[PDB]
Every structure is written in structure tokens, then in C-alpha cells.
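Chemist: Please see the structure below; I have some questions.
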Amino acid sequence: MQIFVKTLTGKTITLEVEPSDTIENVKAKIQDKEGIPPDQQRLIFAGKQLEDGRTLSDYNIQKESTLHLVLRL
Amino acid sequence: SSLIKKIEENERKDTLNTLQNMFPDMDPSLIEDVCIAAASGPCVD
Amino acid sequence: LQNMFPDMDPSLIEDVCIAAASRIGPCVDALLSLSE
């Protein structure tokens, strides 16, 4: 399914994922298209910071949900 | 000074919109007081 | 910043600035804290 990630400039990218994919997996893909190492990525969804070892289903992330990327500064 | 205020006021508006989207269930007025008290060289970081 | 990292993706630089010069990072740290 597709999900969206709002980048640093507010731009949206798409990711093809499975509900069982981990945040780690998602961060890996984001590194591929944005040039930001996983360790420097912080993802926020529905008022929560997402953790590397949990899955999209764990956060009720569904098809076409939008996650927010924040640079770990 | 009623110009520098407008500039400082314009950038904050942007951040406020983002924050509200990240934290949909939170009170917008609360986010505003938080943003105003919130921090900022760094770009080089 | 370009003269500091002349080989870096010009689009990756701009991206990092509009985050520090907004400090959206600390604002997020502050909002997340309210539920701890």
C-alpha cells in the first residue's frame, strides 16, 4: 500500500509498504530518496514519535496516511 | 520595529501550521505558546 | 553553506537550513514532552 512522508520542505514523497513493515524499514527507504541517514530521521504521526522497532500497524498507519519527517538536529 | 515583528511573525506562522498537522489532537493555542517559547550556525549542523 | 560544502546536493543544504532557522525540532521536542 502507499503511504506518504512529508519531507523537510513540506514536500510529500510516497513509499510502498506493508502494514507489518517496521519504522526501521521505512527509515531505510527514506534514506534512499532523501539523503538523510536513519539515525538523523525522526518520524512523527498522530502526535507521536515513531520508534524503529515497531511496525506501521502498531501506530494505526493505514493506506495513504501521512508521516512527518523531522531532521534530528 | 513594527516590521522585524512582522518578519519574526511570518516564519512562526509556517512552523505553527506544521506543528498542528503533526499534533492534530492538540489545542492550537497551546502549540502557539510552545512555539513562541521554543528555541531558534545550526544549519552548519 | 554552499561554499562550506561545495559538493553537497544544493537541495539537501536548503532543506537543513529551513529546519534550524525554524527550530521545528525543539518545538517538536516540547510538544512531545507534554504527554510524558
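Scheme for the C-alpha cells: letters A, B, ... for chains in order shown; per-chain residue numbers from 1; ligand numbers from 1 in order shown.
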Find the spatial neighbours of range 20-31 of chain C, counting only C-alpha atoms, within a cut-off of 12 Å - ignore same-chain residues fewer than 6 positions away - and output them as JSON, numbers by chain.
Modeler: {"A": [8, 9, 40, 41, 42, 43, 44, 45, 47, 48, 49, 68, 69, 70, 71, 72, 73], "B": [8, 9, 10, 11, 12, 13, 14, 15, 16, 17, 18, 19, 20, 21, 22, 23, 24, 25, 26, 27, 28, 30, 31, 32, 33, 34, 35, 36, 37, 38, 39, 40, 41, 42, 43, 44, 45], "C": [13, 14]}
Chemist: Provide the CA of residue 5 in chain C to CA of residue 32 in chain A distance in Å, to one decimal place.
Modeler: 20.4 Å
Chemist: Figure out the distance between CA of residue 30 in chain A and CA of residue 46 in chain A, please, to one decimal in Å.
Modeler: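 Here the two named atoms are 19.1 Å from each other.
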Chemist: Give me the residues within 8 Å of residue 66 in chain A as a VMD selection string, counting only C-alpha atoms and dropping any in the same chain fewer than 2 places off.
Modeler: chain A and resid 3 to 6 45 64 68
Chemist: Mind listing the helix (DSSP H, G or I) residues of chain B, per DSSP on the backbone, as a PyMOL selection string?
Modeler: chain B and resi 4-22+28-37+42-44
